[PDB]
Amino acid sequence: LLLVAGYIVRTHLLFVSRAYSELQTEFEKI
Amino acid sequence: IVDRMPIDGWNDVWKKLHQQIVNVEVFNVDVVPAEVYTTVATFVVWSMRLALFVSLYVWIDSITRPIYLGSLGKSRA
Amino acid sequence: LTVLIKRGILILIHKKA
Amino acid sequence: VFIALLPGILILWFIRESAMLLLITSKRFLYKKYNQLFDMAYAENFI
Amino acid sequence: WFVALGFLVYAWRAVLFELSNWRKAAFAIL
Amino acid sequence: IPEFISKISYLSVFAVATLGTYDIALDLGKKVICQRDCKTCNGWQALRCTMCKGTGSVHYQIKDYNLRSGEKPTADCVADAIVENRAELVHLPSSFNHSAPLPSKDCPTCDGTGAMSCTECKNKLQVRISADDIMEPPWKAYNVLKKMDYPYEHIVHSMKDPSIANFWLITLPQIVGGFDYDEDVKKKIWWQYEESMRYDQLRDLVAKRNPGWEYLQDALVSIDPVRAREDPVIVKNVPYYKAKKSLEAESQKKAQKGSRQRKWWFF
Ligand SMILES: [Zn+2]
Ligand SMILES: [Zn+2]
């Protein structure tokens with residue numbers, strides 16, 4: 001259970017980081 | 001609050017404690033509601049900080065920014 | 001409640017807040 | 001331990017889904033805006 | 001607004017913590 | 001100037017956002033990290049400092065003195081050597097009880113706290129990975145209660161009676177268990193018991209203050225060292241106690257003189 005939770009966390013963290021970076025660049029476009 | 005009561009004085013310490021004490025107080029606080037409090041609390045508190053910052057940003061921005069086969073028809077006309 | 005001092009030190013503490 | 005670990009996973013999942021929604025909506029909006037800006041200039045005439 | 005009211009009544013003492021820090025930081029800045 | 005402020009605020013809100021995400025990112029790992037468990041200190045990283053027993057007020061002594069050629073072993077010369085550290089300063093435990101109470105200062109091994117941290121535990125491995133701390137186990141409770149000893153002193157002292165020893169040693173196991181002892185078992189129990197009662201018989205006999213009790217005192221200090229090192233009945237210095245007893249006798253004599261001539265002036 002802990003390993004599954006950690007894997008889900010790592011995927012979520014990577015997705016959130018790249019999403020917020022892209023949102024920053026894209027709102028800087030406008 | 002006593003610091004780092006190490007391992008094995010208690011059975012001697014309770015030798016005197018039990019004769020001096022008139023009333024002990026024991027606290028019962030589990031771990032899981034505390035952890036649920038940590039996760040929900042950091043979520044709500046950091047969203048509160050984000051809300052304050054985004055409100056300040058949008059207000060100061062809305063105030064400050066307005067102050068600122070190819071030679072057929074070309075041979076006979 | 002289980003606060004973490006750096007260099008990896010776990011300290012159990014009183015109830016909450 | 002399961003119900004203890006659940007809310008952090010859930011709140012991070014909501015954060016991820018909200019970020020995905022915002023990014024995708026902004027992507028569609030900027031795509032249509034840039035295409036409309038190009039189409040005032042290069043397409044049929046315009047209004 | 002209602003789920004926000006529930007969530008703020010739920011975590012009252014931590015909200016008072018953060019508000020105390022906000023007031024202290026503002027008075028230290030001023 | 002305005003665009004820079006707008007840009008830095010619009011970047012600050014997103015910096016707040018990513019920092020806040022990192023907070024929960026560390027928080028989820030924060031309740032699945034625990035302190036590494038040892039077997040000396042059980043992960044508490046502290047055991048009672050045995051070289052001071054936890055009291056801390058250890059005795060100190062000068063062992064050797066490098067005296068200058070032409071001086072006498074006085075006390076002020078020893079103090080002057082202590083100033084320049086030309087005398088061997090050694091630490092004696094307060095567990096050893098001496099005839100002359102030496103200066104009792106703080107124990108350097110624990111800095112006055114009374115405990116030694118578990119130096120076997122190292123900084124690189126002070127944390128574990130197990131989520132054992134969330135589900136409170138049976139084994140941690142049983143272990144922390146396994147070092148509570150169920151202190152039996154409330155029966156061992158009360159056990160010194162022939163009928164009561166008969167009861168506790170023989171009758172209770174024969175009734176509860178439903179078995180019957182062999183005669184070898186009963187006789188070995190009785191022999192080991194009578195052999196164990198030697199020290200308390202000798203303590204009772206030396207407690208009479210009968211004449212020639214110093215011989216039984218040396219018998220007590222000979223039969224068992226560790227217990228006789230802590231028995232309050234045994235006096236460290238015999239002439240001390242003897243002359244103090246004689247002095248107290250003459251003191252109550254002169255007290256009687258005072259209390260009898262105090263009643264001959266009001267008449
Ligand atoms: Zn240890
Ligand atoms: Zn010590």
# chains A, B, ... in the order shown; residues from 1 in each chain; ligands from 1

call {"tool": "residues_near_ligand", "arguments": {"ligand": "ligand 2", "cutoff": "6 Å", "atoms": "only C-alpha atoms and all ligand atoms", "output": "list in words"}}
result
residues 49, 51, 52, 54, 56, 107, 109, 110 and 114 of chain F

call {"tool": "residues_near_ligand", "arguments": {"ligand": "ligand 1", "cutoff": "6 Å", "atoms": "only C-alpha atoms and all ligand atoms", "output": "count of residues only"}}
result
10

call {"tool": "residues_around", "arguments": {"residues": "range 28-33 of chain B", "least_positions_apart": "6", "cutoff": "7 Å", "atoms": "only C-alpha atoms", "output": "ChimeraX atom specification"}}
result
/C:15 /D:4 /F:134

call {"tool": "write_last_selection", "arguments": {"atoms": "C-alpha atoms", "output": "mmCIF file, in the first residue's frame"}}
result
data_model
loop_
_atom_site.group_PDB
_atom_site.id
_atom_site.type_symbol
_atom_site.label_atom_id
_atom_site.label_comp_id
_atom_site.auth_asym_id
_atom_site.auth_seq_id
_atom_site.Cartn_x
_atom_site.Cartn_y
_atom_site.Cartn_z
ATOM 1 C CA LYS C 15 -1.599 16.538 21.850
ATOM 2 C CA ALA D 4 -4.949 8.293 7.172
ATOM 3 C CA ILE F 134 0.389 4.924 12.676
#

call {"tool": "interface_residues", "arguments": {"of": "chain E", "to": "chain C", "cutoff": "12 Å", "atoms": "only C-alpha atoms", "output": "PyMOL selection string"}}
result
chain E and resi 11-18

call {"tool": "write_last_selection", "arguments": {"atoms": "N, CA and C atoms", "output": "mmCIF file, in the first residue's frame"}}
result
data_model
loop_
_atom_site.group_PDB
_atom_site.id
_atom_site.type_symbol
_atom_site.label_atom_id
_atom_site.label_comp_id
_atom_site.auth_asym_id
_atom_site.auth_seq_id
_atom_site.Cartn_x
_atom_site.Cartn_y
_atom_site.Cartn_z
ATOM 1 N N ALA E 11 -11.785 23.829 10.881
ATOM 2 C CA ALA E 11 -10.378 24.049 11.200
ATOM 3 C C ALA E 11 -10.121 25.373 11.912
ATOM 4 N N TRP E 12 -10.964 25.736 12.885
ATOM 5 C CA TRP E 12 -10.966 27.089 13.441
ATOM 6 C C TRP E 12 -9.636 27.465 14.092
ATOM 7 N N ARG E 13 -9.039 26.552 14.862
ATOM 8 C CA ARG E 13 -7.844 26.902 15.629
ATOM 9 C C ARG E 13 -6.629 27.098 14.722
ATOM 10 N N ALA E 14 -6.511 26.286 13.668
ATOM 11 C CA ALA E 14 -5.417 26.479 12.719
ATOM 12 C C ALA E 14 -5.604 27.748 11.894
ATOM 13 N N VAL E 15 -6.853 28.094 11.572
ATOM 14 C CA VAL E 15 -7.121 29.351 10.876
ATOM 15 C C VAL E 15 -6.741 30.533 11.758
ATOM 16 N N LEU E 16 -7.028 30.438 13.060
ATOM 17 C CA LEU E 16 -6.619 31.493 13.984
ATOM 18 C C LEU E 16 -5.100 31.565 14.108
ATOM 19 N N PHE E 17 -4.427 30.409 14.061
ATOM 20 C CA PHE E 17 -2.968 30.373 13.986
ATOM 21 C C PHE E 17 -2.455 31.190 12.810
ATOM 22 N N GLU E 18 -2.978 30.886 11.620
ATOM 23 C CA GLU E 18 -2.480 31.531 10.410
ATOM 24 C C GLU E 18 -2.817 33.018 10.400
#

call {"tool": "residues_around", "arguments": {"residues": "residue 21 in chain D", "least_positions_apart": "5", "cutoff": "12 Å", "atoms": "only C-alpha atoms", "output": "PDB file with N, CA, C and O atoms, in the first residue's frame"}}
result
ATOM      1  N   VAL A  16       1.639  17.914 -11.659  1.00  0.00           N
ATOM      2  CA  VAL A  16       1.336  19.237 -11.120  1.00  0.00           C
ATOM      3  C   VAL A  16       2.443  20.230 -11.450  1.00  0.00           C
ATOM      4  O   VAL A  16       2.163  21.372 -11.841  1.00  0.00           O
ATOM      5  N   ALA A  19       2.309  21.036 -15.203  1.00  0.00           N
ATOM      6  CA  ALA A  19       1.091  21.786 -15.485  1.00  0.00           C
ATOM      7  C   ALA A  19       1.210  23.232 -15.030  1.00  0.00           C
ATOM      8  O   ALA A  19       0.811  24.150 -15.753  1.00  0.00           O
ATOM      9  N   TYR A  20       1.768  23.457 -13.838  1.00  0.00           N
ATOM     10  CA  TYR A  20       1.903  24.823 -13.346  1.00  0.00           C
ATOM     11  C   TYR A  20       2.954  25.600 -14.130  1.00  0.00           C
ATOM     12  O   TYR A  20       2.787  26.802 -14.368  1.00  0.00           O
ATOM     13  N   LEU A  23       1.224  26.507 -17.349  1.00  0.00           N
ATOM     14  CA  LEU A  23       0.240  27.552 -17.078  1.00  0.00           C
ATOM     15  C   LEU A  23       0.913  28.904 -16.877  1.00  0.00           C
ATOM     16  O   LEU A  23       0.394  29.930 -17.329  1.00  0.00           O
TER      17      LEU A  23
ATOM     18  N   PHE D  14      -7.120  16.403  -6.641  1.00  0.00           N
ATOM     19  CA  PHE D  14      -7.927  17.562  -7.028  1.00  0.00           C
ATOM     20  C   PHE D  14      -7.053  18.696  -7.553  1.00  0.00           C
ATOM     21  O   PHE D  14      -7.425  19.373  -8.518  1.00  0.00           O
ATOM     22  N   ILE D  15      -5.892  18.918  -6.926  1.00  0.00           N
ATOM     23  CA  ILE D  15      -4.954  19.923  -7.423  1.00  0.00           C
ATOM     24  C   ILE D  15      -4.525  19.598  -8.851  1.00  0.00           C
ATOM     25  O   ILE D  15      -4.518  20.472  -9.730  1.00  0.00           O
ATOM     26  N   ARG D  16      -4.185  18.330  -9.108  1.00  0.00           N
ATOM     27  CA  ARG D  16      -3.753  17.918 -10.441  1.00  0.00           C
ATOM     28  C   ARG D  16      -4.862  18.092 -11.471  1.00  0.00           C
ATOM     29  O   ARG D  16      -4.618  18.587 -12.578  1.00  0.00           O
ATOM     30  N   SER D  26      -7.000  27.084 -21.110  1.00  0.00           N
ATOM     31  CA  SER D  26      -6.134  28.141 -21.619  1.00  0.00           C
ATOM     32  C   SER D  26      -5.543  27.781 -22.976  1.00  0.00           C
ATOM     33  O   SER D  26      -5.372  28.661 -23.828  1.00  0.00           O
ATOM     34  N   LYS D  27      -5.225  26.500 -23.196  1.00  0.00           N
ATOM     35  CA  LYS D  27      -4.681  26.072 -24.480  1.00  0.00           C
ATOM     36  C   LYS D  27      -5.694  26.266 -25.598  1.00  0.00           C
ATOM     37  O   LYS D  27      -5.362  26.797 -26.664  1.00  0.00           O
ATOM     38  N   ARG D  28      -6.943  25.862 -25.358  1.00  0.00           N
ATOM     39  CA  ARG D  28      -7.984  26.058 -26.362  1.00  0.00           C
ATOM     40  C   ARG D  28      -8.232  27.542 -26.617  1.00  0.00           C
ATOM     41  O   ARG D  28      -8.393  27.969 -27.771  1.00  0.00           O
TER      42      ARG D  28
END

call {"tool": "decode", "arguments": {"residues": "range 201-250 of chain F", "atoms": "C-alpha atoms", "output": "mmCIF file, in the first residue's frame"}}
result
data_model
loop_
_atom_site.group_PDB
_atom_site.id
_atom_site.type_symbol
_atom_site.label_atom_id
_atom_site.label_comp_id
_atom_site.auth_asym_id
_atom_site.auth_seq_id
_atom_site.Cartn_x
_atom_site.Cartn_y
_atom_site.Cartn_z
ATOM 1 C CA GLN F 201 19.354 -14.019 59.762
ATOM 2 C CA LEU F 202 22.800 -12.416 59.992
ATOM 3 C CA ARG F 203 21.336 -8.932 59.430
ATOM 4 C CA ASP F 204 18.848 -9.504 62.257
ATOM 5 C CA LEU F 205 21.624 -10.784 64.532
ATOM 6 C CA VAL F 206 23.917 -7.837 63.758
ATOM 7 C CA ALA F 207 21.018 -5.424 64.314
ATOM 8 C CA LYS F 208 20.937 -6.321 68.061
ATOM 9 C CA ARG F 209 24.037 -4.174 68.799
ATOM 10 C CA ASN F 210 25.251 -7.085 70.924
ATOM 11 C CA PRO F 211 28.899 -6.859 72.084
ATOM 12 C CA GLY F 212 31.300 -8.096 69.452
ATOM 13 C CA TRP F 213 29.009 -7.123 66.568
ATOM 14 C CA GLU F 214 31.875 -5.964 64.325
ATOM 15 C CA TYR F 215 32.773 -9.618 63.718
ATOM 16 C CA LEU F 216 29.261 -10.292 62.404
ATOM 17 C CA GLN F 217 29.571 -7.023 60.459
ATOM 18 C CA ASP F 218 32.664 -8.374 58.693
ATOM 19 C CA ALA F 219 30.804 -11.659 58.197
ATOM 20 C CA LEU F 220 28.025 -9.714 56.445
ATOM 21 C CA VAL F 221 30.525 -7.863 54.259
ATOM 22 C CA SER F 222 32.228 -11.200 53.485
ATOM 23 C CA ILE F 223 29.198 -13.316 52.533
ATOM 24 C CA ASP F 224 27.833 -10.972 49.829
ATOM 25 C CA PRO F 225 29.702 -7.855 48.613
ATOM 26 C CA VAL F 226 27.126 -6.008 46.503
ATOM 27 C CA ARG F 227 24.259 -6.155 49.003
ATOM 28 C CA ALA F 228 26.507 -5.306 51.969
ATOM 29 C CA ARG F 229 27.746 -2.267 50.029
ATOM 30 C CA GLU F 230 24.268 -0.720 50.439
ATOM 31 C CA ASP F 231 22.898 -2.043 53.753
ATOM 32 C CA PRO F 232 22.229 0.920 56.101
ATOM 33 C CA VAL F 233 22.730 -1.211 59.233
ATOM 34 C CA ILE F 234 26.436 -1.753 58.493
ATOM 35 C CA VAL F 235 28.528 1.259 59.531
ATOM 36 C CA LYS F 236 31.550 2.178 57.415
ATOM 37 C CA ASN F 237 33.731 3.409 60.307
ATOM 38 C CA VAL F 238 33.384 1.465 63.579
ATOM 39 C CA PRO F 239 35.329 3.849 65.916
ATOM 40 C CA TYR F 240 33.205 6.699 64.519
ATOM 41 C CA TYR F 241 29.970 5.052 65.662
ATOM 42 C CA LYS F 242 31.420 3.727 68.939
ATOM 43 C CA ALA F 243 32.815 7.042 70.167
ATOM 44 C CA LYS F 244 29.726 8.900 68.925
ATOM 45 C CA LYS F 245 27.628 6.469 70.985
ATOM 46 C CA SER F 246 29.742 7.132 74.090
ATOM 47 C CA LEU F 247 29.566 10.878 73.413
ATOM 48 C CA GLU F 248 25.773 10.694 73.055
ATOM 49 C CA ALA F 249 25.587 8.838 76.377
ATOM 50 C CA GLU F 250 27.557 11.572 78.143
#
